[PDB]
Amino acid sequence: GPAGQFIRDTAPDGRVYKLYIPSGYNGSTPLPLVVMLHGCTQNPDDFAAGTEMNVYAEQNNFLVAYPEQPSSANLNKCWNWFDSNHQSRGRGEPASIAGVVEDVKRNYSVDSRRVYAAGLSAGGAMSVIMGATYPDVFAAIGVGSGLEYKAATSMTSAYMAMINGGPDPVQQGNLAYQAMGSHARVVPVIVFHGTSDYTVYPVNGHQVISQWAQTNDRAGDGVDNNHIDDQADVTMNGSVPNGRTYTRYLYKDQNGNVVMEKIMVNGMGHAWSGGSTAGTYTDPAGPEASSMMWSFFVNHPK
């Protein structure tokens, strides 16, 4: 029978990416596509090994694309989430990441209603940017230890935002709505953050939700419908056997549908929650962010 494959390619602009093709791919059914955006110092292989996302892709039959940020673009290999040249549609890294999606769609049968972006750290901040700049492409996003839209616009302000948070999330949510331009739609968001993160302080995870509440409130159709706030409708407790506890908050819209989730992992540092020590920047004692993000994505097609 067929076998899954983790291959590499380059998009037309030269962007390197790796692609996991699950064994259940046969070209006869369009599959969902998860774009995974690695954090600083990482690369596609390291991020795949740590998140184990290809394991879930194999089990659930979806494609996984891992764009690579080279040190030529940022010496730490961080997505340049703090640079205005990389915060808008049609230019820089957002256009390049969208171009990876277009390249996969040209060569594989992809379900255009089930394309998602998730990432860790700089890649979590870049996933936020993808939701704000290409909401027409990305059904939903996952943000692991990231920062809100335009949390900084310079490298100096980047370091301040990492410790203090970015500007007023209401203002940033209106800026993200403006960034959506003529493509605006509600983009469901799932956030993970560690409560003992000394690199990107957890205030940033709280702000991601508040910023997206504002953006999604502006983007929902109807003047008196589809509204959403940043007040948790449900607070649920989690516990990993022999691992960490966590709180999972659900944010519903006016219709009662869960549109956002926030998972705060107690005592976790700056790391992808769950996963494997085979990759850097993971915490196997946390809940399995890869599995939970996929479940959220499944439930939030375009």
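Just count from 1 along the sequence shown to find any residue number.
S.K.: Going by the average Cα B-factor in the PDB entry, point out whether 129-137 or 154-162 comes out higher.
M.R.: The deposited B-factors put 154-162 ahead on the C-alpha mean.
S.K.: Between 23-31 and 57-65, which has the larger average Cα B-factor in the PDB entry?
M.R.: Mean C-alpha B-factor is greater for 23-31.
S.K.: Between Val143, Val115, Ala122, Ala232, where does the Cα B-factor run highest in the record?
M.R.: Result of the comparison over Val143, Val115, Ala122, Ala232: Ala232.
S.K.: Could you place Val170 in the lowest, middle or highest third of its chain by Cα temperature factor, using the values in the record?
M.R.: Highest third of the chain for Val170's C-alpha B-factor.
S.K.: Looking at the temperature factor on the CA atom of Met264, which third of the chain's modelled residues does it land in?
M.R.: It falls in the middle third of the chain.
S.K.: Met292's Cα B-factor: lowest, middle or highest third of the chain?
M.R.: Middle third of the chain for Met292's C-alpha B-factor.
S.K.: Is the Cα B-factor recorded for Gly99 in the lowest, middle or highest third of its chain?
M.R.: Lowest third, going by the recorded CA B-factors of the chain.
S.K.: By the recorded C-alpha temperature factor, relative to the other modelled residues in its chain, which third is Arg106 in?
M.R.: For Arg106, the deposited C-alpha B-factor lands in the highest third.
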